[PDB]
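Written out below as structure tokens is the structure these notes cover.
Values reported hereafter were calculated over all heavy atoms of this structure, with side chains retained and with hydrogens, waters and symmetry mates removed. Each chain gets a letter, A, B and so on, in the order the sequences are listed, and its residues count up from 1. In each ligand, atom 1 is the first atom listed, and ligand 1 is the first ligand listed.
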Protein chains: 2
Amino acid sequence: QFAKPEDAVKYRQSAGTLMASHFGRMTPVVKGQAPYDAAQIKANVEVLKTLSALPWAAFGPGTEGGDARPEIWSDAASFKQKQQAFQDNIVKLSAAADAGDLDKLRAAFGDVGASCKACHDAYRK
Amino acid sequence: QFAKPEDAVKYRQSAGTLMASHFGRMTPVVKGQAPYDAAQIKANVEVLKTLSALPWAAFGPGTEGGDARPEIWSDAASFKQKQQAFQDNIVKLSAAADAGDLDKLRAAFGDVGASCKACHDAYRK
Ligand code: HEC
Ligand code: HEC
């Protein structure tokens, strides 16, 4: 859906921006510094679920650029393993939120966050 | 969820970027220049549905900036009318996609597009 590689870069960076907001806004809840309203967090994680699937299709043919490392395209299976496992971790976060289980949310949140970081450490300049 | 007004601006502009991609990538389908696969478009409009609800909460207290016109905050009800009617138009687009009805999709797409433009013309610098 991108007329130029620059358009893919703009897309995936905006997806990243929105994920960071929907993920990071829960830090105070996970830490107990903000109250836990199970319904609020269930809805937010649903947003995060939708966004979490979006970046990967914007690293398609010829879309090199931004702060993507070139290792993304030449090691297609290792990068894929990492996005698929990130979204696994997102399913687990969905399950905790949908259950209204804060303990479970805290653990699942940390796993998601570790997955984000692991991919950036390998694949983001 | 924004530590500074700049963070709200970054959020709403990235929401706008992703909406433009999920909306605009259907132009060739609506025009018949790309094939119509009802399942593909149903899924895409579901993404667009989720994104379409996101910008409005990022025009909150003290979040003035970017290319938002100041008229957004002082006329809170007229701006609200416009986002609520845009999302009405999104419901109609969802209905057409969910029905797998291309004629209906074409009409609903044009209505959405008109709603985008109407709000930008009034409220975007
Ligand atoms: C690989 C499987 C990734 C996972 C998992 C996550 N991110 Fe990511 N991110 C990735 C890359 C390769 C890039 C660079 C894209 C480019 O072309 O520049 C990014 C970028 C971001 C950004 C910065 C966007 C910007 O302002 O330019 C953010 C804020 C970001 N990523 C956030 C983020 C979060 C919160 C994630 C887990 C919930 C996450 N990413 C996962 C690769 C990958
Ligand atoms: C008011 C009810 C709006 C509707 C409906 C839509 N948009 Fe919007 N848009 C609006 C404002 C006030 C702004 C400026 C925000 C800022 O602080 O700068 C925007 C911005 C955009 C952008 C540009 C983002 C950027 O690169 O800075 C885009 C691409 C955009 N809007 C797209 C878009 C589309 C495709 C819409 C309908 C599907 C749509 N907007 C609706 C206000 C409103």
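The OG1 atom of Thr50(A) sits 9.0 Å away from the CG atom of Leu54(B) when rounded to the nearest 0.5 Å.
In this structure, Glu64(A) places its CD atom where more than 12 heavy-atom neighbours from other residues, nucleotides or ligands lie under 6.0 Å away. Atom NZ of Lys49(A) sits in a sparse spot, with 12 or fewer heavy atoms from other residues, nucleotides or ligands closer than 6.0 Å. More than 12 heavy atoms of other shown residues, nucleotides or ligands fall within 6.0 angstrom of atom NZ in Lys92(A).
Near ligand 1, heavy-atom contacts under 4.0 Å come from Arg12(A), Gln13(A), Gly16(A), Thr17(A), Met19(A), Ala20(A), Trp56(A), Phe59(A), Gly65(A), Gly66(A), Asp67(A), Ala68(A), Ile72(A), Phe79(A), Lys82(A), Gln83(A), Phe86(A), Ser115(A), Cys116(A), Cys119(A), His120(A), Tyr123(A), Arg124(A).
No side-chain donor-acceptor contact under 3.5 Å links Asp101(A) to the backbone of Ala97(A).
If you run ring pair (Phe, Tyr, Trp, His ring centres under 6.0 Å) between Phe59(B) and each of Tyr123(B), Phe79(B), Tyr11(B), only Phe79(B) comes through.
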